[PDB]
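A single chain, nothing else alongside it, follows as structure tokens in the form deposited in one PDB entry.
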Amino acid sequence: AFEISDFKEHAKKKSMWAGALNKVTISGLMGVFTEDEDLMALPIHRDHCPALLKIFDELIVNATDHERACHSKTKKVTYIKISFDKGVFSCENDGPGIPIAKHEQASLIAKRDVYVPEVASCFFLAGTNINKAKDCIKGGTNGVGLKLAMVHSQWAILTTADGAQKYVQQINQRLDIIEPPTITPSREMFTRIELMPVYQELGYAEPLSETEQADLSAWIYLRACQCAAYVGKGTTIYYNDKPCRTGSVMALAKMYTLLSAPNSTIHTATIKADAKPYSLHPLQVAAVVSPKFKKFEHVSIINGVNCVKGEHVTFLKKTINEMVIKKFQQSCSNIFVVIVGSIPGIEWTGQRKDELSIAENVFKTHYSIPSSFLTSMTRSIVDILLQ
């Protein structure tokens, strides 16, 4: 009756790692769709498998983490290329590759030659964020995300090049079959993950239906557009070899409000903090206020992660609410707001990183929302309330 599981078997059966392992109703599920030359974020009103969307997210956050790691160094990340075609998902980024070197501890554990890229892709609770600095703004913390991608892949290829050598390794049948890597001379420098998810096991048609393909493509495109707003000014994000043109929170706010509030006013702010490490990490904000909006909604890209709940939102809402109450006397259900940037020292409620955890006083003590933004938001909210 009392059974003991290994990580692989556990990750194939348990929702705690990446969420539900079958299709469920995902509240607020969105994708981006192109109408003419316009990008429009629209709801996806069909059940989808959270764990499937999460293994796409794990690879994308790994690439955005690498962009952040490299952004002040000589060899920077200049691109992240995301691809989705015939069911195959890939994510490739430039900059220094995963070191092509024997890992002494892993080789002893496994009783065979294990190189660093195999540790990164095949060993659970393993990576460069196991001892994470208090000020680190990478999303990665657990050493599990890439292994979850591998466990939900029928086949996967890890390719990395360090400017000297290229390493290619097949990781097949949900991490059951790790093929010995092919190592060759190369002047390339990059990391690529290519995989075919276990679509049928996660509740999808094999091959994907027209609707499943379209929904997954829209979701991935929007996730790439979210990255594009987060990464540094030197990095381009591509989706199926097309650049994602959403380099600002204003561009993100437009994509989400184009159908409901075309030709709208975009209230903008940079939220800044008054002490390191917070002062190193300004937050970019764009908000639209419309009577057509039925309840408060945010899109938060924090540390490269799409965060659906956190005290950073609460801080903005309470601050606006206090001003609205005062002006009206002489509050948030008509706001759509985009918040993008890094926050050091956050913790998460789970591997999925749906909710960040923090002391509210971090914002009260350190951060200031520009008066001009609060005044313009309050003016717009009050006019609606008055009507």
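Take the two forms, superpose them, and find the largest set of C-alpha atoms that agree within 1.5 Å; that set is the rigid core. The numbering used is simple: start at 1 and walk along the sequence shown.
- According to the entry, the deposited sequence has no residues without coordinates between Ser27 and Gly28, so the chain runs continuously there.
- Mean C-alpha B-factor is higher over 185-193 than over the other stretch, the pair under comparison being 185-193 and 304-312.
- Stretch comparison (46-54 versus 32-40) by mean CA B-factor in the PDB entry places 32-40 on top.
- Out of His152, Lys75, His281, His298, the entry records its largest CA B-factor for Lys75.
- In this structure the maximum Cα B-factor among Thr235, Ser248, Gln226, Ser260 is found at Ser260.
- When the modelled residues of the chain are ordered by their C-alpha B factor, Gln330 lands in the highest third.
- When the modelled residues of the chain are ordered by C-alpha B-factor, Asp162 sits in the highest third.
- Ranked by Cα temperature factor within the chain, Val324 sits in the highest third according to the deposited record.
- Per the deposited record, the Cα B-factor of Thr375 falls in the highest third when ranked against the other modelled residues of its chain.
- For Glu104, the recorded CA B-factor ranks within the highest third of the chain. Only modelled residues enter the ranking.
One more form of this protein, deposited in another entry, exists but is not displayed; see below.
- The only C-alpha among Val362, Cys70, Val324, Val340 that moves by 2 Å or more between this form and the one not shown, given a superposition on the rigid core, is that of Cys70.
- Three angstroms is the minimum change: in the other form, the CA atoms of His71 and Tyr221 sit farther apart than in this structure, by 3 Å or more.
- With a change of no less than 3 Å, the CA-CA distance between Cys70 and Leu280 is smaller in the other form than in the form shown.
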